[PDB]
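>>> The sequence isn't on hand, but the structure is:
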Ligand SMILES: Cc1nn(Cc2c(C)noc2C)c(=O)s1
Ligand SMILES: [Cl-]
Ligand SMILES: [Mg+2]
Ligand SMILES: [Mg+2]
Ligand SMILES: [Mg+2]
Ligand SMILES: [Mg+2]
C-alpha cells in the first residue's frame, strides 16, 4: 500500500549522504522523510557483523567483542566485529576477514542471516550477522595477530556467554563505554531464553 | 587516548544533520569522520527506546510482540521491536510503555531498562534504551488491544513465539519482501544459541 515516489539529494560526502524521500502513505497522502544512506554500497548489504563464539575446552564459551573509539559517538563503544563488505566479496568471507583483521581470530562459519536493517527509521544501512565459531584450542588461534587496516585501532574483549549481559553492565557501570544495541540485544536474549 | 577536536556542521535537516568530525587518533594524528546525528535530542539520556515486549498468557507459550511498518529510508516494510523517540522530560520507561501501547494496543509492565546503547556507532551518535516489558495477556486490558498510531503511523502487530522466533522470522522473510531489524535478529539468534 505504501511506497517511494522520489528521493532528493540534500547533501553528499565521501561516505554518507542525506536524502529527502517522498512516499505515499496508505491513505493516499504524500509525505516526506529525511533518510540517510551510505555512498559506498554496490553488495547484498553494506556490512557484516560477526558473532564470534570462542570455544576452549575446560573454559566458558566466550563471545568475542571489540572496543573502538567511534567518532560519531565521541567515545569508546563495545561492539561485535564488523566492517563493510568489499565490492565482489561474499558476506561469509567479509566476516572471516574482518574477524581476522580486528581480533586475529581464525574462525569457521556456522550460519549467515539475511540482510538486516541497522536503524530503519533513519538509514537504509544493512548488515549480515554472521555466526562464527572459533576453535580456541587450535594453535592458529593460540596467540592471535590482529591486522588492523589504516585508521583502525581495536582492543579485543572476550566475555563469557553465560553471564554476558551482567558483564556488559559492569563495563558500562565502570568504564563509561557505550555497548552496541545488537550486542545488548543478543545478551538480553541469552538471559530471557527458557 | 582518543577524543573529539571539533564538529563542523555540514547540513541540517528538520530531524537529521550531517557533521564533519575532527578527532585525535591514538598515534597523535588528527583525522576526520562524517557523522549523522538527530536534531531532536535535548536532555534525553538517549534519542529513543525500543521495547522487547514479552506477551505472557496462561497456557500459551510466551510471545515477542513485533511491529511491521513501512520505513522510508529502507524503501520497504521492516519487522522491528516497538520503538519511538523519547519526548522531552519523558523517562525511557515511560516512553517504552507509551510507544508499546500506541503501536500495539498492549498495556505493559516494566521489567528492566538498559543503559543507552548505540544504534550504528560507525555512522551516528544515535542511542536507545532497550526496555524489557512483560504484558499480562490474561488481563482484560490486554484482551483485544487497539493500536493508537499517531499522525502518519501505520503499524501491524505480529506476535511470534519466543521458543521458535528465528524460524518464524525466517519464514516471514521467506514469504515476502521485508527486512528484519538487526536487533530483533540478534535477540532471535541468542534465543537459539542459549
Ligand atoms: C517528529 C519527528 N519525526 N521524526 C521521524 C522523521 C524523520 C527522521 N524524517 O522525517 C520524519 C517525520 C524524527 O526523527 S522527529
Ligand atoms: Cl553457536
Ligand atoms: Mg569494524
Ligand atoms: Mg576491519
Ligand atoms: Mg515507532
Ligand atoms: Mg510511535
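Cool, got the structure. Numbers count the residues shown, from 1 in each chain, chains lettered A, B, ... in the order given. Ligands and ions are numbered 1, 2, ... in the order given.
>>> Please name the bridge partners of the residue of chain A found nearest ligand 3.
Using Cβ to the ion, the point where chain A gets nearest to ligand 3 is residue A:83, with a distance of 3.9 Å. Heads up, the C-betas are built off the backbone N, CA and C, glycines and all. Residues in a beta bridge with residue A:83, per DSSP bridges, are residue A:48.
>>> and it, how far is that from residue A:72?
Plainly put, residue A:83 is 16 Å away from residue A:72 if you go by Cβ to Cβ, to the nearest Å.
>>> Who are the contact partners of the residue most central in space within chain A?
Per Cα atoms, centre = their mean, the C-alpha nearest to the average position across chain A is that of residue A:49, at 3.7 Å. By Cβ atoms under 8 Å, 6 or more residues apart in numbering or on different chains, residue A:49 lies in contact with A:79-82, A:127-130, A:182, B:182.
>>> Residue A:83 and residue A:72 - which one has more neighbours?
Here residue A:83 and residue A:72 are set side by side on neighbour count (other Cβ atoms under 10 Å in any protein chain shown), and the busier one is residue A:72, at 25 against 21.
>>> what's the neighbour count on the nearest residue to that one once chain neighbours are set aside?
For residue A:72, ignoring the flanking residues on the chain, the nearest one in space by Cβ to Cβ, 6 or more residues apart in numbering or on different chains is residue B:35 at 4.1 Å. Burial measure for residue B:35: 27 neighbouring residues, criterion other Cβ under 10 Å.
>>> so what's residue B:35 bridging to?
According to DSSP bridges, the residues that bridge with residue B:35 are residue B:19.
>>> Which residues of chain A lie near ligand 3?
Residues of chain A that fall close to ligand 3, judged by Cβ under 5 Å from the ion: A:82-83.
>>> again, only this time at 8 Å
Taking Cβ under 8 Å from the ion as the criterion, chain A approaches ligand 3 at residues A:66, A:68, A:79, A:81-83, A:98, A:101-102, A:152, A:154.
>>> Can you list which of those are found in strands?
In strands, defined here by DSSP state E, the members of the residues of chain A next to ligand 3 are A:66, A:68, A:79, A:82-83.
>>> By neighbour count, sort out the buried ones in those.
A:66, A:68, A:79, A:82-83 (16 or more other Cβ atoms under 10 Å in any protein chain shown).
>>> From the residues you listed, pick the one nearest residue B:6.
Nearest to residue B:6, judged by Cβ to Cβ, of these is residue A:68 at 20.4 Å.
>>> show me what contacts the closest one?
With the criterion set at Cβ under 8 Å, 6+ apart, residue A:68 makes contact with A:76-77, A:79, A:152-155.
>>> which SS state does the closest residue to ligand 5 within chain A fall under?
Closest contact between chain A and ligand 5, by Cβ to the ion, is at residue A:121 (7.0 Å). Using DSSP: H, G, I helix; E, B strand; the rest coil, the three-state assignment for residue A:121 comes out as coil.
>>> still on that earlier bit, near ligand 5, list only the ones from the contacts of residue A:68.
When those are checked against ligand 5 using Cβ under 8 Å from the ion, none falls in range.
>>> Reformat the residues you listed into a markdown table and put distance to residue B:188 next to each item.
As requested, the contacts of residue A:68 are arranged in a markdown table below (distance: Cβ to Cβ, whole Å):
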| residue | distance to residue B:188 |
| --- | --- |
| A:76 | 28 |
| A:77 | 23 |
| A:79 | 19 |
| A:152 | 29 |
| A:153 | 32 |
| A:154 | 27 |
| A:155 | 28 |
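>>> By neighbours, which of these wins?
Counting neighbours by other Cβ under 10 Å, the top entry in the contacts of residue A:68 is residue A:79, with 24 neighbours.
>>> Residue A:117 versus that one, what's the distance?
According to Cβ to Cβ, residue A:79 and residue A:117 sit 17 Å apart.
>>> Run a quick neighbour tally on residue A:27.
By the criterion of other Cβ under 10 Å, residue A:27 has 10 neighbours.
>>> quick one: buried residues of stretch A:23-38?
When burial is assessed from 16+ other Cβ under 10 Å, stretch A:23-38 yields the following buried residues: A:23, A:25, A:33-38.
>>> before we move on, what about stretch A:150-163?
A:154, A:156-159, A:161.
>>> now the end-to-end length of that stretch.
With Cα to Cα, to the nearest Å applied, stretch A:150-163 spans 34 Å between its terminal residues.
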